[PDB]
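Think of it as A, B, C, D and E in the order they're written, each chain with its own count starting at 1.
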Amino acid sequence: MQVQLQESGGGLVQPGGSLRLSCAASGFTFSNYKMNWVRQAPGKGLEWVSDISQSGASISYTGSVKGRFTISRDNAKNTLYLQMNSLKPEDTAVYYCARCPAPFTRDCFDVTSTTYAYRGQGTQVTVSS
Amino acid sequence: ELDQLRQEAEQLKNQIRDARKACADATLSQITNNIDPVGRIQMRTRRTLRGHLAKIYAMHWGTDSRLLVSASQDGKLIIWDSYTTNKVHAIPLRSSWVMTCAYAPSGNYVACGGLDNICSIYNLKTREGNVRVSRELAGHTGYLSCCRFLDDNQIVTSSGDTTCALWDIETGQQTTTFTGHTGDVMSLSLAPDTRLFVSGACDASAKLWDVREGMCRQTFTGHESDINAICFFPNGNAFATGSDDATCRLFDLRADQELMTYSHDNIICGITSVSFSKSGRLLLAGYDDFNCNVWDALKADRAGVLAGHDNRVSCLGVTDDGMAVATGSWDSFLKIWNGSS
Amino acid sequence: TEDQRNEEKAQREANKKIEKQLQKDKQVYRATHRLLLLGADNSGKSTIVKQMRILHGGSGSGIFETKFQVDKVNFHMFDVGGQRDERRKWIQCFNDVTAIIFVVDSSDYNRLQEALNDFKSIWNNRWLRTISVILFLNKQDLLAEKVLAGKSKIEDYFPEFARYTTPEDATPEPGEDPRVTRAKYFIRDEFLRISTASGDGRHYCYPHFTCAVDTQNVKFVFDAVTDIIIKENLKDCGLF
Amino acid sequence: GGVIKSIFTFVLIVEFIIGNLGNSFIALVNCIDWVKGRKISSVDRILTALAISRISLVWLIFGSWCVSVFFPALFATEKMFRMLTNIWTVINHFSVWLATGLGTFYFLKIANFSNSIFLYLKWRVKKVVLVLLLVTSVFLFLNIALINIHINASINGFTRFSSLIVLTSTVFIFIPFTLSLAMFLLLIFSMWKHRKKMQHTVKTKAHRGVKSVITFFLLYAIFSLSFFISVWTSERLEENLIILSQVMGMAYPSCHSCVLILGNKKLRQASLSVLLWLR
Amino acid sequence: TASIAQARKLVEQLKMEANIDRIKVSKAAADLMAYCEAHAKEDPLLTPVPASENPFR
């Protein structure tokens, strides 16, 4: 079917709280793709937040989220989880879960571009006090 | 009220999928299970055209099945006489970055394009000798990917600006534009009757356009990754696709859904060129694994391997009579394959 | 028949002419080294392009193709400018380039992650896994001013600064504070770690801190390109 | 007398063993690569040709010494001698100038200089190697003409003649070796200049391999000079002259095959693999 | 209102996609089979043509 990535979990939370993000995926074999997490702070561009390999062996995070967020990849349910912990107002954004363009390859080239097909509408994570 | 529009969008998409499923009764593998396989077909490099200075990016045969034009990133358009493996014309190009080349059906024109975003048209039969730039079709805000001459005067070019167009050579402006693809459009094939054409983009989808109107009639989907090679089934009622998801797919125009996926566990690299044979039974597709696998159209079985290219293959086409198939790759070598009796 | 024989002879003569021209163009192509200039909007790629347009008589919808001679060597440096943000398909046209000159702002302290990911994509791309990258950490003076003035702290954006020290093989400019050395080499080592933690033995990175005088910049480009071609010739000759 | 003869005979046997090993093994690995549909680069084609010519040459010398040991009667038919020297001259010319061609290939591809002539030769290294073989065809003609002239003079009138003829052969082989040594030293100097350029630009196995190769050209230089000077001056030869000339003739095609085995990455990897499988 | 315009365009495209005559996949299967069988003989690649008539010999 048509490639789809539906984000979920976005909501208002006071600073220092926790949040869970889910990215249901369909239409492609989830296993062989370096799934990433990208976000858009208001009045800014698309910044890459975290990524995970096919089996979770290699995970990386943006330095601003190095000790704050974790990435889990459940290949059985084709869902990517971005655990959001110790939120601060600098993290408020709409979070898009994005797939690497090509299977069995680690060159995630066009993930933060203005338009990218293998992504989702996203959910707004508000950290307003 | 954007949420209402989104709700309508998903409702319409669900209705379309339901209609396709209701029209989906028997898989083509089921009906063609009884079809006698063509078996292991072997072909050899009858003629290996050489002379291209750099990698080969595109090739297009002529209507006479004799002359073919190949584009290289060296900045050359070498026109080859396949029957006698001689170079007839060599056209130096302004921009070395060439991603497409088209031979006009009349035989009096050639096309080229690439990162320069301008489609360059060349006269082959000028009153005087030598080849010169006829017109420069400008207006594509992105790299051109595939171009094909509808007729001696019209040309439809596909670009990475997420919008194809049909041009008038004398006029030089986009007479009709084709918008709707989200990502970069890469391939473009013409129906046997020059009324419709399809173009597959990096949005992992392929759309069918009507030339004389300008709106895409159908939007076939299914590929996991970007569609990088498209071709028309000879009947005119079907078209095959190539994607970096290593699975060529066949979509029929009428039923408007997937028919089969040409897949193999060993194959993990992406297709780059797809071109059906004259009877439509043999689908020949090249991959980044540096060789081409011929796929039976009626059954998802690998007929043979056209090994012989060191680097990845970029282009592949068959003559109008299907006498031979020529595959160009990034090793600067174009090799013709013909069945062995 | 006679007319067919004459046509065959004419076609062979055309072949000979085209082959002579193609040998000449093969000579000029082998002589010429193709360099690709890549960078972000904030990176100093535009400044380098503007400088080289007039310094080397740059020929000039968005391909900035210039061909120049430095010390009798032929260079073809180009920047893809007319294309949109998608970079995964027009970058495949540059699998055979001699080098990819990567320009990084190095003083944004905010967009450095985008540059790091861009370098990752270039290095780990399947079609660019052969191509060496000339890392050009531009705006070194701006980073020096930013670190000296304090205010913003790199620890906020990159958190590994709190556990980093200058490497023993350090080449600071004669009069210049330790903290800016620490920041500069942290950026350089971030890029170098991203490069090394991948396939080696085929392509190498050439980190460089861009100085005010552009002659040193051109000299570094020339030396890196010569090194790349030396190593490639070692590979073809088998002495590697 | 007897002791030096036995020592040189043992040296010849060792050289024959090592030459067969190296040359046949180069030919074998290249044939396996060709038959299995692997990559066949130009340098390995030149290596195949050089290795085949070299194994032919070493077998030729071994057969000649077998004639001079196990059948001391064919060696003096005055016609087999002429036939053997003609075949040896042809095959050794091909081997030596093919080695010089390999040196030209390496120098013209790897080395880097700003001189206009070097660059003019640099982008047509194929043109250089075949034009060099065609040019040294006239050297082959000169050598064969001189060898026929010398042997005809000998027949008209041979220890002194044998000394003179091996001296002529030594000069005719020294010239291409001199060219190869100059080319190799220039290549190493270019690499040295580049290495310190990169060291100022900041940016072990090669050092070991480089060090061994210069040991050859230092070892071969003294060994080559000793053979030439001795035959030119020292008369402690005659019967020893045959064994000493055979030693010198067998010296290059074996030890240079060893240097090439240490040079080519495929050849080195195959040698390491055969060592691993040995144990 | 650019997002609104894009949404309207895509829902319109889906609408014109809906009102398209769709036939069962079996009939398309039969059409492809008929085309393959009718021109199987004239295809040179499917059944290698005799070398005498072959022009690429």
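Quick note on the criterion: contacts are C-beta pairs under 8 Å (C-beta built on N, C-alpha and C of every residue); 3 or more make two chains touch, one makes a residue touch a chain.
Molecules present, by chain and UniProt name: B = Guanine nucleotide-binding protein G(I)/G(S)/G(T) subunit beta-1; D = Taste receptor type 2 member 14; E = Guanine nucleotide-binding protein G(I)/G(S)/G(O) subunit gamma-2.
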Q | For chain E, the least number of touch steps when starting out from chain B | A | 1
Q | Where chain C and chain E overlap in contact partners, by chain label | A | B
Q.
Once every inter-chain C-beta contact is counted, which two chains account for the most?
A. B-E
Q. Which chain lies at the heart of the structure, taking centres as C-alpha averages?
A. C
Q | Distance from chain E to chain A - Cα centre to Cα centre, in angstrom | A | 38
Q. So what's the Cα centroid distance for chain A and chain C, whole Å?
A. 31
Q.
Nearest whole angstrom, what separates the Cα centre of chain C from the Cα centre of chain D?
A. 43
Q: Hunt down the residues of chain B that sit against at least two other chains at once, touch-wise.
A: 6, 13, 162, 183, 202, 226
Q.
Which positions in chain A are in touch with at least two other chains?
A. 101-102, 115-116
Q. What pattern do the touching chains form: line, ring, star, complete or other?
A. other
Q) Of all possible chain pairs, which ones touch? A) A-B, A-C, B-C, B-E, C-D
Q: In the complex, go through chain E and note every residue touching chain B.
A: 3-4, 7-11, 13-18, 20-33, 35-36, 39-40, 42-51, 54-57
Q.
Quick check: in the complex, which residue numbers of chain B touch chain C?
A. 51, 53-55, 57, 73-74, 76, 78, 81, 84, 86-90, 92, 95-97, 99, 114-118, 138, 140-143, 160-162, 183-184, 186, 202, 226, 228, 288, 330
Q.
Please output the residues of chain A touching chain B within their complex, sorted ascending.
A. 1-3, 27-29, 101-104, 115-118, 121
Q) Which part of chain B faces chain A closely enough to touch in the complex? A) 6, 13, 17, 162, 182-183, 202-205, 221-222, 224-226, 244-246, 268, 270
Q) In their complex, what parts of chain C are in touch with chain B? A) 8, 11-12, 14-15, 18-19, 21-22, 25-26, 29, 61-63, 65, 80, 82-84, 86, 88-90, 93, 95-96, 126
